[PDB]
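Heavy-atom basis, side chains included; hydrogens, waters and symmetry copies ignored. Quick note on labels: first sequence line is chain A, next is B, and so on, each numbered from 1. For ligands, and for the atoms within them, numbers begin at 1 and follow the listed sequence.
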Amino acid sequence: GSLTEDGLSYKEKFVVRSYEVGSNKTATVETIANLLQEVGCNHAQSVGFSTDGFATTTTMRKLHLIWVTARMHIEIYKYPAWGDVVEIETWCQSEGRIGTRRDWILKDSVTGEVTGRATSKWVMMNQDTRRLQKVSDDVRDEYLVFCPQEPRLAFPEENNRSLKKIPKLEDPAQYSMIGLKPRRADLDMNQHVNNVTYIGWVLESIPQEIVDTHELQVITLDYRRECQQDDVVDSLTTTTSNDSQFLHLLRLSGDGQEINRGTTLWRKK
Amino acid sequence: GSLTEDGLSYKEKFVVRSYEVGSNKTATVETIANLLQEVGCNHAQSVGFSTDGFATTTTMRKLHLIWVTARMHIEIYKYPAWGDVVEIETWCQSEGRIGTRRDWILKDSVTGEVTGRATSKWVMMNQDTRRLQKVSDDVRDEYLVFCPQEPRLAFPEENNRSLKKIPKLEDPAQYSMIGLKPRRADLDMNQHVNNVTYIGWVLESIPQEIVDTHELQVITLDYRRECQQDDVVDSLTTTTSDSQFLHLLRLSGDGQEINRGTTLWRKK
Ligand SMILES: CN(C)C(=O)Cn1cccn1
Ligand SMILES: CN(C)C(=O)Cn1cccn1
């Protein structure tokens, strides 16, 4: 991987692995999401930022401030086959005092065609108290020199899916997967649950017949609260719809405290 | 990756990924085991064998025969750091009518030193019926041309850990992790639970304090039965001692054994 010519974006190529593919012999959405986080991490490293998945400056580290994912939106047209090379280009953009946005474009290395796209919203938070705060000007300047100043949107469209409000699923859920717990492989270098695990947990309540006859086209996931290593999660899904649409809810098995909410769109193979 | 000059072994280089590392910023034993299976799969592909994790010939496919892991043994001296390049060399060897053995050597691409080694025992079985068979002679000829004929052992030593008999853990277990279930990410392209998930499940019953103050040096795992997609597993560990542990994976219900193993840990 490497920063592009203008130094305002980063590219990397990946060869799809045998254990990374599903029943269709193509990469899973979790393999895609892992690769987006890998290229994001390599972009933060190439310009001197922290690499613990929080992209902090030395100023943020002194104040115990971290960047956290508030929302992830992924759209896949073609899942890469096992052995195929996929090229991912990523860039970051300031969104004023709200926070930052990281975008991705996935391409087939052989054909050069866009096979997927992704966007994510990040907010600034105190690591310890979990309190959010708007971006200060002194912090803003530190990351602005690594971002394109004119807008560069992976999802340009006037009324696009990446910015839609997601409602809260009402009981009773149509489908559910109960008692999900993270194991050590689900944790990162800081012992926090990897954001990709929550995508997996959301998809666990999708019936196997949907997975067997459809392909996941869009996934929009909102992150409300972090699941701790010793927490237990319930995954809930209700059909909202040729295409199939679902409404999702991840909450703690006990008190029913919401950790995530999202939507998925599937297309018949 | 590519077959070596004599065509009897395969090499591949891997750059350690951010999500592949643990709290020490080095690769987990599950990341290592995934890379061993990846290079094994690429060696099977380069010589025309089956794509799935079964390395079958067209003759085995007609008789619904597959190669299955009976035992996995891994020894790590240094876990590669995030961003480091690790080179893995793998080869297969016939063991007469018992089955085959796949070996691995892990090296630091910068220093060239051996940072780890692995060995695995494979047996032939019917995929539907699950019955073992002692290699049909015609099958032997098909894979022998891809194996070194003289012995090439990753664990040469005469009384080494890779061939030790593992006993069955007796109740009550000292530690346990109950209600473990595989999710879709734990399955392979054929909807079977990946062998690396069982390594993860074994390690789940190791106390966090051991993981925090020690490094895993050796892991020997025996595979007795497959855990299905809708099965629920209990993970059991007892200290037998460096720290040594005895492990048992069994189904939560009837207590049917799926795996047994041992681990050896070194104080950091
Ligand atoms: C989400 N954030 C804060 C970033 O991605 C920061 N960044 C800009 C360029 C490289 N990293
Ligand atoms: C374990 N088996 C059956 C193999 O690894 C067969 N093989 C030899 C060379 C490439 N694949």
Taken in chain and number order and not counting sequence neighbours, the residues that satisfy salt bridge (charged side-chain N to carboxylate O under 4.0 Å, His left out) with B:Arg225 are none
Tested for ring-ring contact (aromatic ring centres under 6.0 Å, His included) against B:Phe146, the lone hit among B:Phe49, B:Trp91, B:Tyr10 is B:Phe49
Please walk me through it: do A:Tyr143 and A:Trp67 pass ring pair (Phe, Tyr, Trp, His ring centres under 6.0 Å)? CA-CA 12 Å; A:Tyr143 69 71; A:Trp67 283 110; 5.8 Å; yes
For residues 125-137 of chain B, the side chain to side chain donor-acceptor pair (under 3.5 Å) pairs (sequence neighbours left out) are B:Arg130-B:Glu226
Whether A:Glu87 and A:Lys107 form a salt bridge (side-chain N of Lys/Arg under 4.0 Å from carboxylate O of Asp/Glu) is what I want to check. no
Sorted by chain and residue number, the residues with a non-hydrogen atom under 4.0 Å of ligand 2 are B:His43, B:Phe49, B:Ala55, B:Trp67, B:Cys92, B:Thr100, B:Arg102, B:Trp122, B:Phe146
Residues at least two apart in sequence or cross-chain that pass side-chain hydrogen bond (donor to acceptor under 3.5 Å, both in side chains) with A:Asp138, listed by chain then number, are none
